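Laid out below as structure tokens are two forms of one and the same protein chain, each shown alone and named structure 1 and structure 2.
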Structure 1
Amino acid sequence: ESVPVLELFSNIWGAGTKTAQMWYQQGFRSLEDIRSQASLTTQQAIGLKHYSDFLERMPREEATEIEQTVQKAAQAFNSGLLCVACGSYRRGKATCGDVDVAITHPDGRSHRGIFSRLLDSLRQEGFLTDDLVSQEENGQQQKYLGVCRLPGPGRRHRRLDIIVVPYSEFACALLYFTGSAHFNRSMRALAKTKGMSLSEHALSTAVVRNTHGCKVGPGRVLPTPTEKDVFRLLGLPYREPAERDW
């Protein structure tokens, strides 16, 4: 009966094995015990009150409807903006656990100053309902993790990740956000053997590693305008997002 309790707690966003085990030792057994007696991060509090909804998957139709909401808000600021839903959606699954939306602009400068205003715009709609993590320092990239909800009756809260990248990084960003995790892990593992390195930012070609294999020097950033360029440079046959669902 301890194992299903650790399971219960782990499904709280921002709680993993260590936290669940600690809670168990405190004698907590139910979500109500957690809500009333446990110390929660603001993140953990949000995941707890959305516990049911977060367990639910969603139809890819609703994922579209979410990406449409984000795209419209962003476009209003600039119409040259590109919004692409990634993750399971781009891989073509019929269900999605969350919605992962990547934003860029082809001119490669108009993407700036959008991130802060876009979230603000979506908060005013009542679309974004809670915020979990905000990263504004990922180099030229900015990422937000949050919770939204489509308008209308009988709507559930959904996990939403929004990332903004420069067009010169759009290729490697799409590659990362689309996945899958095992797929991304595989490409990057492959690059390490070729003396390269892959990230959500760029693919680099002359990466130095020590005898033990620890990276001691960065490489040379290779210009990758599209995903196909990345596959090519790594000596790989191109895969479509649908084929990337490992």
Structure 2
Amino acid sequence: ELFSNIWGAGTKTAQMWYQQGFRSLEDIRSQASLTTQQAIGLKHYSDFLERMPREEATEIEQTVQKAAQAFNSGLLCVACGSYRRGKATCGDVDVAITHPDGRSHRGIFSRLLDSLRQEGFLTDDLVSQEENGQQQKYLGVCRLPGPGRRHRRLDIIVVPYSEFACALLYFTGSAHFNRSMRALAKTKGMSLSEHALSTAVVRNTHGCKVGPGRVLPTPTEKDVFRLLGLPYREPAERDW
């Protein structure tokens, strides 16, 4: 069951396709109906089975940073995921982008992606543009210049500065760790997302609601941990 490995396909679709006679990667490319992601996953099947050394992730991060700072030299670009958690290898790269003035993040997302296309860095686009609140998310594939380079999954997320701490936390992960933090937030009547940490409603000692839900200010990751009642954990401690 090698269908599993194709990107955009899990055990979920591995269990159909087979329903059909398909038992081959080739069988799927030629006869099966495919998602835009699945087509790309098939196109780079061999490459997407290989993790990259973290040095390559650094090169990917700097490539995105260089192209973004040409447009505004104050833009903050950070690679998250397993990279930020300090692993020796990474399966993909998520680059979060913001600006400290907090408003110069707009107008970058479109121009940046285009700039990376022209120089041949971005090779395949899963989703060219996703708009989630004030966050803009690119999902695609990249490849560093030169010979012997494999194709690497790359996400780029541009975020407002007021959401940066929560975004960094969310894209740094791990997925387990996020689930754990969301559960902790809930025990305090809060909710945690990639945008913000907020409370549900405000109630007094009589149980009467006296206000709407509150968006808790979180300038840094440490604020999130403080608000959840936890000692701060470095990214390297967040694998589980």
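For numbering, take structure 1's sequence and count from 1. For clarity, a rigid core is taken as the largest C-alpha set superposing within 1.5 Å between two forms.
Visitor: Would you indicate which listed residue, out of 181, 55, 216, 189, moves its Cα by 2 Å or more between the two structures relative to the superposed core?
Guide: Result of the superposition: 216 is the only one at 2 Å or more.
Visitor: For residue 136, does the CA position differ by 2 Å or more between the two structures when the superposition is done on the rigid core?
Guide: Comparing forms between the two structures, the residue 136 CA shifts at least 2 Å.
Visitor: Does residue 207 shift between the two structures by 2 angstroms or more at the C-alpha, the core having been superposed?
Guide: Passes the 2 Å threshold, so yes.
Visitor: For residue 22, what C-alpha shift in Å results between the two structures following superposition on the rigid core?
Guide: Residue 22 is displaced by 1.3 Å at its C-alpha.
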